[PDB]
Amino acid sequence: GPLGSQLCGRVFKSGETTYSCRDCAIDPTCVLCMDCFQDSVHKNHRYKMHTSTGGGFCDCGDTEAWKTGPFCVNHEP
């Protein structure tokens, strides 16, 4: 419902591509799904793509994961 979809929360499946902003990630485990990455400032930053082995989740919206621009435009309040 609306509460479960207010933030991204995408859970990755094996074979999907994750994105991390190397400039803004607090640590290497901070990741974004493709849509949030492409809808965020980090599309313009130094980034790393990493194919998921399944599991993990998108960190769009977590101030404690990103030094700047924690929300993509879609999820930004």
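Start at 1 with the first residue shown and count on from there. Each form is matched to the other, and the largest set of C-alpha atoms that superpose within 1.5 Å is called the rigid core.
After a core fit, the C-alpha atoms in 4 other deposited structures of this protein lie farther on average from the shown form in one of 20-28 and 7-15, namely 7-15. Set 45-53 against 30-38 and average the Cα temperature factors; 45-53 ends up higher.
Comparing 66-74 with 2-10, the higher mean C-alpha B-factor in the PDB entry belongs to 2-10. Per-chain ranking of the deposited C-alpha B factor places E16 in the highest third.
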